[PDB]
Every structure is written in structure tokens, then in C-alpha cells.
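So this first bit is one chain, no partners, the form deposited without quinazoline (QUZ), shown in C-alpha cells.
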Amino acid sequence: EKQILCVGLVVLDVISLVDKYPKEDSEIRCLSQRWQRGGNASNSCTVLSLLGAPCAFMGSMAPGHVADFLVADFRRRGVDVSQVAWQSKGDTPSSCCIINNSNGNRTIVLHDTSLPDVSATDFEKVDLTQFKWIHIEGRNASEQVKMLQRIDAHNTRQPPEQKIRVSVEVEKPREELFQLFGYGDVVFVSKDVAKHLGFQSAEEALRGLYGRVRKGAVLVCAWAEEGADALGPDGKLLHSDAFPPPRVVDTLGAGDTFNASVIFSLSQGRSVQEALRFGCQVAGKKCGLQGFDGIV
């Protein structure tokens, strides 16, 4: 059975919950503390795996303690890591995150050696016959365009039933990523890119950005508590409410859980409306849980 590939960043977050932020030069105990693999492409694989869809992660890593921990996690959850671009030097990104018990505050100390990004030449070496869906976390745009072009060229030599579906996320606020909009069957734009572009709601954003997508494509924008919306080539704006959990305990990865869910659903041949709804159910559920496990 063909897998879903997710190209993006990975990170080891060490998350600590405390009652009060630590005064310098002190030793205090934790309420809780967990080690969690993260990064957008990385979380989507976590969700795709729990939802029972075979998937693969491709990103940059370097050998070391963190990579070892990260690869172990991937494997345990069944995520394929064969396509990973290993680098000669640097460390795989890691961070320690202290979380305040009442204030909700989050201080992050981050270790990141600027590993070269997955390049077009890295992606040339990936055999595409294994994949049914590919999803690219927008980062180094001009290289990623080459990748998307490579996929486009692949699809032209294939019957429709066997074409690879492609999705793209534009989640950081940078001029360079705009070029991604023109590729992919599904394009995810985040609230924060949307608001930074001056848009005040998911409706405006879709209607404002749709002109930038390849013909036939679908633009999706999830707006947290206000649900999620989408716009297709037929111009009807599809909506889903959010599914707020009784208490929102953890938000880290909710957007990644949204995207993976929409991908999974469209992947299973469901409709955009259905996929929007599904994305919202799963994301809301995750928000009432520590990490990703209890989603399914």
C-alpha cells in the first residue's frame, strides 16, 4: 500500500510543567515533563500514523543523541524515515520548553545549528512510485518549487488513477513562500500568515488568496475557534465549526493535526466538506489531550 510523504522540519522538544517560573540559580521539581518529537511535517506523520495511514517523513537531520531519540520515536509509531537527508555536521534541532502552571507562559531555549534544508537535489533521489500523496512544509521556496515541478512532471506520464496528489502549507509570514501557492492540489494557509497579510477572517483570506493557486486547486485556511474554511474551483465557500474540547489543555500541534486529518480524509476519497469537518473534529480532540496519543 502506497504511503503519504511529508517533507519538513523535525525537532526534539523537552517540555516541562512548573508551578512558578524558576528564579536563576535554583533547583525545583516538576509537576510533569515529557519528551516530544515535533515540527510540522513531523507531527503530521504522527497523526497520519495514528489514523492508520502508512506515511514517510523526509527532512534534515544530523547524527547524534537527538537524532537517535527522534528516529526511535518515528520507528515505534511506524513512520518511515528512509528518505531523510542526513547531514555531515551540526545537531538535529532540540529545545527545552518551560510551561507555567497558571500563567500559561512558555519560555523556550532553542538549539538549532541551521542544518541545510532538504534541497531539490536531495528530492531528485527520492523514488516517487511509493507515494500517493506528498505534502510540503513551505520553507526554502525556490528549491521546493523545483520539487513540486518534479512531481508535476511525474504525474504527466501517469494515468489519472495513479497521479500523485500534492498539498502545500504556507505557515510562516515570508514573501518568498508566495510562489508555493501556484503548486499543489491542496494549499493550507495559516491564520497567522492570513492576519499578517491584513486579512481579518478565514473568509476574506480565501477570497483574497485564491487567485494565486493553480487551476482546479483547493485553498484551505483553519482559524482555530472559528472553525476552518475552504474554497474550491467552483467558488462555493465551505465551512466547519470548531469542536472545542471541555478544556483546552495543549495546543502544540493542533494545526498540524488539522492538516494531516484533512489530508487523510481526502486521501480516503472523501469530499472537501467532509475533510474540513474531519480536520476540525480531530484537531479539537487533540486540544483536550497532552500530545497526540488519545486522538484515536
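The term rigid core refers to the maximal set of C-alpha atoms that superpose within 1.5 Å between the two forms. Start at 1 and count along the sequence shown; that's the residue number.
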> If you average the CA temperature factors over each stretch, which comes out higher, 26-34 or 236-244?
Replying inline: 26-34
> Hey, which bit's got the bigger mean C-alpha B factor in the entry, 185-193 or 93-101?
Replying inline: 93-101
> Can you tell me which of 17, 282, 275, 10 has the highest Cα temperature factor in the record?
Replying inline: 17
> If you rank the chain by CA B-factor, which third does residue 144 end up in: lowest, middle or highest?
Replying inline: middle
> How does residue 178 rank on Cα B-factor within its chain, lowest, middle or highest third?
Replying inline: highest
> residue 154's Cα B-factor: lowest, middle or highest third of the chain?
Replying inline: lowest
>> Among the modelled residues of this chain, does the Cα B factor of residue 250 put it in the lowest, middle or highest third?
In response: highest
> residue 132's Cα B-factor: lowest, middle or highest third of the chain?
Replying inline: lowest
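There is also a form solved in complex with quinazoline (QUZ); it is not shown, and the following applies to it.
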> Considering quinazoline (QUZ) in the deposited complex, which of 266, 254, 58, 231 comes within 4.5 Å of it through any heavy atom?
Replying inline: 254
>> Under a 4.5 angstroms heavy atom criterion, identify the one residue in 126, 209, 151, 224 near quinazoline (QUZ) in the deposited complex.
In response: 224
> Quick one: in the deposited complex, does every one of 180, 182 and 213 get a heavy atom within 4.5 Å of quinazoline (QUZ)?
Replying inline: no
>> If we define contact as a non-hydrogen atom of the residue within 4.5 angstroms of the partner, is residue 248 a contact of quinazoline (QUZ) in the deposited complex?
In response: yes
> Is residue 283 close enough to touch quinazoline (QUZ) in the deposited complex, meaning at least one heavy atom pair within 4.5 Å?
Replying inline: yes
> Does the 4.5 Å heavy atom contact test between residue 244 and quinazoline (QUZ) in the deposited complex come out positive?
Replying inline: yes
> Picking from 82, 156, 105, 121, which residue has its CA shift by 2 Å or more between the shown form and the other one, once the rigid core of the two forms is superposed?
Replying inline: 105
> Rigid core fitted, is the C-alpha displacement of residue 30 between the shown form and the other one 2 Å or more?
Replying inline: yes
> Hey, does residue 197 budge by 2 Å or more at the Cα between the shown form and the other one once the core is superposed?
Replying inline: no
> On a core-based superposition, does residue 273 travel 2 Å or more at its Cα between the shown form and the other one?
Replying inline: no
